[PDB]
Amino acid sequence: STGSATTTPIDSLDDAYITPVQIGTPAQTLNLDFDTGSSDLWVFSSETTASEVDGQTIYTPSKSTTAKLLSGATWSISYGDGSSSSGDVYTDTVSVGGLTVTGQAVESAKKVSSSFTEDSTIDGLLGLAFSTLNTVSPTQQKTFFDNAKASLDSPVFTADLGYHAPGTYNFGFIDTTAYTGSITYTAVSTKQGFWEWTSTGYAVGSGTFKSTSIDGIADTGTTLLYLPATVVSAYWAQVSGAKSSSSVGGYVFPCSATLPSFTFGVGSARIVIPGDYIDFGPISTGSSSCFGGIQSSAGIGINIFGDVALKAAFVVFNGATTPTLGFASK
């Protein structure tokens, strides 16, 4: 089997991407944030505290003839941005782009933090990291990909995120028309439950490439590119007026600037992030100070190849017995 679904930016900055997901019978379609940095499929629901729901579409398990309470199971998650959610669990039928999993754990939110409430466009998350990170207790549950894997034509999914435009998540096949050149594959460590890999270095604009190992995670659920302070300083030093602002919470730059590109290494291959991808707009409405899309990972504890980086590539998440990651230009 295969599946193919379009993923759409939630706003003009590409702060996140939503992909429609069918849950239950008859189908209830929710727009979920596909997140290769976590491993829970959770949704706003009929059980979510009413004051914490503000415009999201909810899953109502009582209206689904295939929903079954997973007795005794609960979940609770906290994300890198400080947001969180928790609740109980149903199993139900879940389909993404024509690919159907029966008996998928659907984690129903009883509580969500303010950040989720405040984002009317995201109805929940669909985790695509390794199932070892799944938070369901006392019986850990599998991700949608893990459940689908054996049925797929090939045990892979691909992320093809757009810049200020829709893109695609495919399951079970590699669309050879969706990228240019060849796909360069690179080793993955699953030890922390992430799609963790090592970039071979970087360049800033038309500068020379610096060969250096940068361990990080491919994370579709993180907006920006978080890299070591040395790398980030070298980037922003090429932008007149750029500075790290403790009050704002990262690097800012004059909105009048033209940003240089940033290149990262994948083996001997190179992915180029155009400068415009690194512009996240005014820090506040009407400001002439703009927020940078490359930020320091210092104090996160891990480097994160978030959407800023991933949207510059066609990315293969290869879930073969020994997982690997592939990157191509597009």
Side-chain angles (χ1 to χ4, degrees), residues 3 7 17 33-41 79-80 125-135 140-141 143-148 150 152-161 167-176 178-179 181-190 192-202 211-222 224-228 231 263-271 273 297 300-330:
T7 193
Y17 298 77
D33 186 349
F34 282 25
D35 180 15
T36 63
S38 69
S39 305
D40 289 49
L41 195 177
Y79 298 99
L125 267 66
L126 189 150
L128 293 168
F130 294 89
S131 294
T132 53
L133 295 176
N134 175 267
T135 77
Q140 188 171 63
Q141 301 294 304
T143 68
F144 174 82
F145 178 53
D146 209 343
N147 283 321
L152 298 177
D153 290 359
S154 179
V156 304
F157 69 90
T158 65
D160 180 10
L161 303 178
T168 306
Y169 281 101
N170 290 328
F171 291 84
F173 72 104
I174 287 160
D175 178 358
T176 58
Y179 59 86
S182 57
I183 305 177
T184 295
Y185 288 86
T186 197
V188 166
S189 174
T190 64
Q192 296 184 70
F194 299 120
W195 292 91
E196 186 168 5
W197 65 290
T198 303
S199 171
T200 48
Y202 70 99
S211 293
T212 186
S213 296
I214 307 172
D215 296 342
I217 66 170
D219 186 0
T220 57
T222 290
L224 305 184
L225 173 55
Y226 295 88
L227 294 172
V231 180
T263 302
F264 64 94
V266 183
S268 60
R270 307 287 179 255
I271 300 291
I273 305 169
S297 62
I300 296 177
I302 199 158
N303 299 305
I304 307 172
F305 292 88
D307 299 334
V308 164
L310 302 182
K311 76 179 86 170
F314 177 87
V315 188
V316 180
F317 294 81
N318 170 25
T321 302
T322 299
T324 63
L325 275 172
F327 292 82
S329 296
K330 65 188 186 189

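The first residue in the sequence is number 1, and the count goes up from there.
- Atom CG of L133 sits about 12.0 Å away from atom CG of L128, to the nearest 0.5 Å.
- A side-chain contact (heavy atoms from CB on, under 4.5 Å) with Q141 is found for one member of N134, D40, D146 and no other, namely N134.
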Step-by-step side chain to side chain contact (heavy atoms under 4.5 Å, CB included) determination, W197 to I217: CA-CA 6 Å; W197 65 290; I217 66 170; 5.8 Å; no
Audit row: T220, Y17, side chain to side chain contact (heavy atoms under 4.5 Å, CB included) steps and yes/no: CA-CA 8 Å; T220 57; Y17 298 77; over 6 Å; no
Trace of the side chain to side chain contact (heavy atoms under 4.5 Å, CB included) decision for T200 with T198: CA-CA 6 Å; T200 48; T198 303; over 6 Å; no
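- Here the closest heavy-atom approach between residue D219 and residue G37 is recorded as OD1-N, 3.2 Å.
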Residues 322-330, side-chain donor-acceptor partners within the protein, below 3.5 Å, at least two apart:
| from | atom 1 | to | atom 2 | distance (Å) |
| --- | --- | --- | --- | --- |
| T324 | OG1 | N318 | ND2 | 2.9 |
| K330 | NZ | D160 | OD1 | 2.8 |
| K330 | NZ | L161 | O | 2.8 |
| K330 | NZ | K311 | O | 3.2 |
| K330 | NZ | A313 | O | 2.8 |

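- When atom types are taken as modelled, the side chain of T212 and the backbone of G201 share no donor-acceptor pair closer than 3.5 angstrom.
- Interatomic distance, OG of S154 versus CG of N170, reported as 12.0 Å (0.5 Å rounding).
- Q140 places no side-chain N or O within 3.5 Å of a backbone atom of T135 that could act as its donor or acceptor partner.
- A309 pairs by the side chain to side chain contact (heavy atoms under 4.5 Å, CB included) definition with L225, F264, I273, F305, not counting sequence neighbours.
- Between the CG atom of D215 and the OG atom of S189 there is a distance of 8.5 Å, given to the nearest 0.5 Å.
- For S38 against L125, the heavy-atom pair with the smallest separation is OG-CD2, 4.2 Å.
- To the nearest 0.5 Å, the span separating OG1 on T158 from CZ on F171 amounts to 8.5 Å.
- Contact annotation: the side chain of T263 never approaches that of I271 to less than 4.5 Å [non-hydrogen atoms, C-beta and beyond].
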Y226 and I302: CA distance, side-chain angles, deciding distance, side chain to side chain contact (heavy atoms under 4.5 Å, CB included) verdict: CA-CA 8 Å; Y226 295 88; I302 199 158; over 6 Å; no
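- Between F317 and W195, the two ring planes are perpendicular [angle over 60°; tilted spans 30° to 60°].
- Here the CD1-CG distance, from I304 to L224, works out to 9.5 Å after rounding to the nearest 0.5 Å.
- The two residues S199 and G265 have their closest heavy-atom pair at OG-O, 2.8 Å.
- Heavy-atom minimum distance, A178 versus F314: CB-CE1, 3.7 Å.
- Note that CZ of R270 is 13.0 Å distant from OH of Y202, once rounded to the nearest 0.5 Å.
- The salt bridge (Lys or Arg N to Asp or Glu O under 4.0 Å) test applied to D33 returns no partner, not counting sequence neighbours.
- Contact record, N303 with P228: OD1-CD, 3.1 Å, taken as the closest heavy-atom pair.
- Nearest heavy-atom pair across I174 and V316 is CD1-CG1, 3.9 Å.
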